[PDB]
Amino acid sequence: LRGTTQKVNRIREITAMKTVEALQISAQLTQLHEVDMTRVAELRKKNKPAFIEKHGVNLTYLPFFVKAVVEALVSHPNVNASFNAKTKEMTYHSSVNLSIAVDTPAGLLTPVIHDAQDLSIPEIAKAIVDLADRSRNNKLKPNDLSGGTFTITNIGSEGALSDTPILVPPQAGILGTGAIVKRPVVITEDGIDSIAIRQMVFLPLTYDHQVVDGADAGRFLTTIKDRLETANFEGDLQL
Amino acid sequence: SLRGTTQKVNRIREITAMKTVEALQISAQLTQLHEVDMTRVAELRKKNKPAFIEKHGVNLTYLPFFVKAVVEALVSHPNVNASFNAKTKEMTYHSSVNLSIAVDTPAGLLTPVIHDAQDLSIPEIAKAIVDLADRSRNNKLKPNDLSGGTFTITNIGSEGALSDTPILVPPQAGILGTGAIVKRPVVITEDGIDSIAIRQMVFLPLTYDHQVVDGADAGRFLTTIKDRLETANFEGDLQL
Amino acid sequence: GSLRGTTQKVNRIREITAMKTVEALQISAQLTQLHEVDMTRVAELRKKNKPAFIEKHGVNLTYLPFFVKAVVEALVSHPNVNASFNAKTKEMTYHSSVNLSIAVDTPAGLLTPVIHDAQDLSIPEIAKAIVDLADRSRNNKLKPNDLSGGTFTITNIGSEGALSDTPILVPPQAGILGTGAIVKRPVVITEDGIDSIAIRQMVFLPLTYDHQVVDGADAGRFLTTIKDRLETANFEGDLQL
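Residue numbers (the entry's author numbering), protein chains in the order written: chain B, 437 to 675; chain C, 436 to 675; chain A, 435 to 675.
Below is the structure:
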């Protein structure tokens, strides 16, 4: 590539145009919360063999993030929404159509899990495997890329703690899952503080201030954080 | 429930949507982040809270400490308490510090203003915050309570956030977020010896307009705030 | 004179900075990815070799030549980051030269002088070039060539205490890296499968990048190359002592 000028492909041309425009037709800002993933990590380590044996797919952290985010989009319908700046009307989507960022040799794509609110953790794990595979092997259909109401992007896959991901209207939010890192943190029990090692992650949420304010974003991220930290997912694994 | 419907938004949401989209296009916003050790303020607040409530008739929270430090820094850094005219290329440095504070209401977030905040003590700030929060919730704010802001503080930690990139509204040049105050293991140095101690740490993200403030100006302004809060010499300021 | 209570026209640097930064955000798609880097081994190497470095090369050894050397090597191995996008023709230009801009403080404001063809320079040559550019910036001895042709920028946001920032990128550049404050922190260390807590010098490296040129995965790969180079800290030979 070095020392050359080359025309970009259609996917990269559209990405360049849409991201420049997206920032000018929305009011983006990125709120950041930290989440203790230790209990999810222990649950995943304990149940991974039985999960793979019963459902036929590997159990990663992604279905836990997806389950929590989709439940929070149902509980906070104001975030699963779109604003029309010409009519000043807000549309609150009944479907949670979750876009996921996927890496392909031709560029990043955002295929969609339609009606993700009806899916269990085993169904989510299978849908991720299917979308990632077809995205990398050029087997996506136009329906796989349209209708998204919210996006999740795994920025931690290449080592980042956090980012300010660009949302694409008509969506109102895009959540990044940063790298999960062991850190010394403070634990409080019966008013006594102590230092312990925990698996911590940053969850940066880019949100559109036309649709969501700082308090709305914080309540939505708190629902996600508390669901993941409690890690009451054994029943959800359907073992 | 809201799901499956299309609804016209209220006047606050409509103006907020319009102003925030436009604000980002008539300024050059970026957010610098510093960490501040609030342990000494936390201990001072815990020790003096009963005497403060008894004398001044108001609860002592962290907010008057953040307000007092930010307003002192806006006086010491008049270049931050300022507005830029992009047509004439002139900067106006405001002699008044009119501090806007983000407040929650049933109809949405508002930013009422503490006018001439540079003349106020911590007890006067605590009383002004109680008055503004009460009238904001009970729909008794007047137009003079919402105009003339020269800088804003928003408590993004009230809903759990560590940090954010809050949107600044021109003609203001800065908006400071106060993140959640969290106990963390940190390195302390005493008599040349490093050790690990538990401290109450907060992130202070400052969104600033690069038309008015550069990265070094922002850093010097946040350092004045950080040093004031970390030294926590506020006992005389409490007027007990 | 005193600013408070006055209206004053800004100087040329502030006027150009106000125009370029407002416009830059509207002709690019900026976002800032953040990574943490353990600078302890670089700090120890710098402390150990600082006297021999200033004795042989005549200039002080700071952290900046280490950041510059790592960033310039990564700009050569990630040519997609040392690049510019033409939104009219939809063509990407991958620059063969690494012309590294560095933010410098002056009495009149911040400037970004450029180290041209930085890919050919050693750490001693980088250290000498930084001293020269910082001096000529503060004493108004810069020639127009010292401010043009930049392909990437490094800004030391940690010099005034910041952990991180979302620095504004100036097109046609595709990235700007901030070096946050280097702070001692308790971190987890793993040795033979055993975790322990140790004190390490940690730094945040926020990279603002243009999504027209670089995506989140590209940014992460580029920052991982820089992070691994700095954490390994195999720079003794590079110091040419």
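All C-beta atoms, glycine included, are put in the ideal place defined by N, C-alpha and C.
Cα-Cα separation, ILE610 (chain A) to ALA651 (chain C): 16 Å
Same chain only: Cβ atoms within 7 Å of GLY583 (chain C), ignoring 5 sequence neighbours per side: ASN533, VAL548 and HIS550
C-alpha gap between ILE461 (chain B) and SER571 (chain B), whole angstroms: 28 Å
Beta-carbon spacing of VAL622 (chain B), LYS618 (chain C) below 9 Å: yes
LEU509 (chain A), DSSP secondary structure in three states: helix
Contact set between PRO601 (chain A) and chain C, taken where Cβ atoms lie within less than 8 Å: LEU465 and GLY650
First through last residue of the alpha helix (DSSP H) which encompasses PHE487 (chain A): 474 to 491
For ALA517 (chain A), the first and last residue of its enclosing beta strand (DSSP E): 517 to 520
First and last residue of the uninterrupted alpha helix (DSSP H) at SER571 (chain B): 557 to 572
Close Cβ partners of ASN483 (chain B) (< 8 Å) along its chain, the five nearest in sequence each way excluded: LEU495, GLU670, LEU673 and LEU675
The region 473 to 483 of chain B / the region 596 to 614 of chain C touching (three or more Cβ pairs under 8 Å): no
Assumed close pair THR527 (chain B), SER518 (chain B) - CB separation to whole angstroms, cut-off 8 Å: 5 Å
Distance CB(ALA653 (chain A))-CB(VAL515 (chain A)) smaller than 9 Å: yes
Pair within 9 Å by beta-carbon distance, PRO499 (chain A) and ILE591 (chain A): no
For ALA632 (chain A), three-class secondary structure by DSSP: strand
Chain-ordered chain A contacts of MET526 (chain C) [CB-CB under 9 Å]: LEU437, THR440, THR441, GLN442, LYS443, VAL444 and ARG448
Between the CA atoms of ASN668 (chain C) and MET636 (chain C) - distance to the nearest angstrom: 18 Å
Sheet register partners of residue 426 (chain B) (DSSP bridge): This structure gives no information on residue 426 (chain B), because the portion of chain B shown stretches from 437 to 675.
Strand pairing of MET526 (chain B), partner residues [DSSP]: B:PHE519 and C:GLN442
Segment contact, 8 Å Cβ cut-off, at least three pairs: the region 626 to 642 of chain C with the region 437 to 456 of chain C: no
Test item: CB-CB of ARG663 (chain A) and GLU507 (chain A) under 9 Å: yes
9 Å Cβ cutoff met for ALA542 (chain A) and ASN445 (chain A): yes
Among B:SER593, B:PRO601 and B:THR540, nearest to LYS575 (chain B) - alpha-carbon criterion: B:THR540
Nearest-angstrom beta carbon gap, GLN464 (chain C) and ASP644 (chain C) [assumed within contact, 8 Å]: 6 Å
is_contact[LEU555 (chain B), chain A] using C-beta, thresh 9 Å: no
Which residues DSSP lists as bridging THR642 (chain A), in chain order: A:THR466 and A:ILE610
Exposed unless 16 or more other CB atoms sit within 10 angstroms - verdict on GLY595 (chain B): buried
Beta-carbon contacts of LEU509 (chain B) that lie in its chain and below 7 Å, excluding the five residues immediately before and after: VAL515, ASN516, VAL532 and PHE586
Chain-order list of residues whose beta-carbon lies under 6 Å from that of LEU567 (chain A) (same chain, five-residue window excluded): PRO547
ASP599 (chain C) versus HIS491 (chain A): straight-line alpha-carbon distance, rounded: 44 Å
As assigned by DSSP and simplified to three states, the class of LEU603 (chain A): coil
Residue of A:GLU625, A:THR474, A:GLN646 and A:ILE660 minimising C-alpha distance to residue 392 (chain A): Look at the range of chain A in this structure, 435 to 675, and you will see that residue 392 (chain A) is not part of it.
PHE586 (chain C) (DSSP reduced to helix, strand or coil): strand
Buried or exposed by the 16-neighbour rule on C-beta atoms within 10 Å, applied to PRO605 (chain C): buried
Strand pairing of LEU576 (chain A), partner residues [DSSP]: Answer is none; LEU576 (chain A) lacks a bridge partner.
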